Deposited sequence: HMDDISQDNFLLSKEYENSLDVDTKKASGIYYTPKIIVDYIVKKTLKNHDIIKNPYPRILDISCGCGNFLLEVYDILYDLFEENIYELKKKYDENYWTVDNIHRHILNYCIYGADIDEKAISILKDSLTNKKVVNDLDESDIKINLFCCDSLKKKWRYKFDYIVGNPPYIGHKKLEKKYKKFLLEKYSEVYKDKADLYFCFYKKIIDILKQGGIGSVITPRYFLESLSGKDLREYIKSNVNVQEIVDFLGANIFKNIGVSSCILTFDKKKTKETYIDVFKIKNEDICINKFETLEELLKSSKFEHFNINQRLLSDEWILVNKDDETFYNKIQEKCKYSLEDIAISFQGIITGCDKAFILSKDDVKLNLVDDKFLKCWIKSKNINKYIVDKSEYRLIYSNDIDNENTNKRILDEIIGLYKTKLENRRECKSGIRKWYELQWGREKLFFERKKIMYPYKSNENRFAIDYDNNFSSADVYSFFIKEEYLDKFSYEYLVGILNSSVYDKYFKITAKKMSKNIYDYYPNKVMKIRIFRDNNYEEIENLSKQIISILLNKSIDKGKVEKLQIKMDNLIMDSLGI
């Protein structure tokens, strides 16, 4: 619970260099560089060294242009601390350590150091800043205290709503206190580039700064032993004529970040691709792909006349609120106590394959159908009641909306007890399966069924055929939310926006999917024929979409 994260030195040197690379110290020898989340001083200590080289290399020009008694090498250290370096952190010990480090850069009157121990989101900042760098805290909607969220919802509502992250507000604060003509460069999670929550934040950035560069590391592990995916955003408040973004997108998530001495060498190498995006062409969604992918994506969008949302009804799985209380192995002897009318088949995300679901190994006790506590007393006493204390702490039980033994979000049984399509909520590839067995699931598996009015235009067999194809795997990943290494989010807020088509190839595509399903359900599966049938289907789909 330290809360302090060490940014890799190669990232720190890149961010500091990207802001101070072309600063004109002769024109402005009083630049104000700020880190509002400085921690122990990863960025500010490097800012000191860059500034010290800058002043020393131009000391005689400064001496000649301005006060010749003020601009001496022996005075550079005092000048940097008084007028240039600013830091803020909520952690007293980190500020105390950083104060010692800045003091020890040179070893008389004491020197005032512009280090504030405060909440950067509450501090009344008395002026704006030329340069802002650093690494803000990332805290999501579960790990943030509710009283603090009430404050964020009221004062940061332009970027913070619903399931937004704390670092959204640091983007707003950094932008707000950045001088005209200033430059900001930060490392944050990448998820705001695509997530539904980040929509308002994306609008705020696009409308208030010129985005110079986005370095997207995708699923690469920048922070050791940390489950987060990172990007570097550099932006400015300069009067720009044309506003194009440099986008550096990693191509191999397996790289060791220290392959070169500098991050610039990595960005220019074959490990990264570069392309430009017109900031004026950004909609609420930022589609940051190269020209080949953009042509591909636009081709499918224009050709497809329906979306899944148009033809399907989507829903999230059961949320029991305590899985250990209600989920049992199908061979558990405790299920002899439960009448089979209470038992539902239960699958996990790993049970979903392309076109078909694995046989379920677990059973859900649909405890909502338990009428009285005196009837079915043994089910409550010997199975569900083993977790009564944990069950009573669920929000709806504390308020009395749910009895302690009920499912927290049991949804509607009828939605699950029908032919439907299921997909994992997080996966490396498109895996849409037809469920024939009335499978229930938690929120790690999503489902949809086709609306009645569209059943004559679209069959489940046709839909899983195109959705599992290599075309639609690539098509979905163009705009999908990249979570971690080899994991995209497959959530309705993007899955339901997938567009679909029907044309002369419908019958052959549907027939190939039926053949694959028939093979996959056999005892002695020969998977080889399935792969050949998939290749032929991919050719039909590419012909249909003209790609």
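Stretches of the deposited sequence absent from the structure, as judged by C-alpha coordinates, are 1 to 26, 134 to 138.
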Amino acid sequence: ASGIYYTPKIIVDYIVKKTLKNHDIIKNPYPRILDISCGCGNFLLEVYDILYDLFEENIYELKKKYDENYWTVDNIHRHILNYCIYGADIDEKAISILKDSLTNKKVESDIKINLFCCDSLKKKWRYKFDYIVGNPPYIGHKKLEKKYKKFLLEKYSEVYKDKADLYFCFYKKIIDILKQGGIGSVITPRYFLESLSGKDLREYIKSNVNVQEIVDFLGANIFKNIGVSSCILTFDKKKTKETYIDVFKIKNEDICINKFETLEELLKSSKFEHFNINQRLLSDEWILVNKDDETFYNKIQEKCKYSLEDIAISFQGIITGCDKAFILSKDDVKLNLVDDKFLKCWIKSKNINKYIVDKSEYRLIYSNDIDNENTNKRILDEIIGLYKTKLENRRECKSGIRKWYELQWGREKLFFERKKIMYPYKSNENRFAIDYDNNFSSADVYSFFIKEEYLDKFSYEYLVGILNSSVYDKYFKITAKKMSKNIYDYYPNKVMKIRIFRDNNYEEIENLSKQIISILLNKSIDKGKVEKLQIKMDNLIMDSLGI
From here on, numbers count along this sequence of modelled residues.
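Once the C-alpha B-factors are averaged per stretch, 89 to 97 and 302 to 310 rank with 89 to 97 first. Mean CA temperature factor is higher for 120 to 128 when stretches 425 to 433 and 120 to 128 are set side by side in the entry. Out of 374, 234, 295, 229, the entry records its largest CA B-factor for 374.
In this structure the maximum Cα B-factor among 493, 479, 515, 522 is found at 522. For residue 360, the recorded CA B-factor ranks within the middle third of the chain. Only modelled residues enter the ranking.
Per the PDB record, residue ranking by Cα B-factor puts residue 538 in the lowest third of the chain. Compared with the other modelled residues of the chain, the Cα B-factor recorded for residue 65 ranks in the middle third. Per the PDB record, residue ranking by Cα B-factor puts residue 212 in the middle third of the chain.
For residue 176, the recorded CA temperature factor ranks within the middle third of the chain's modelled residues.
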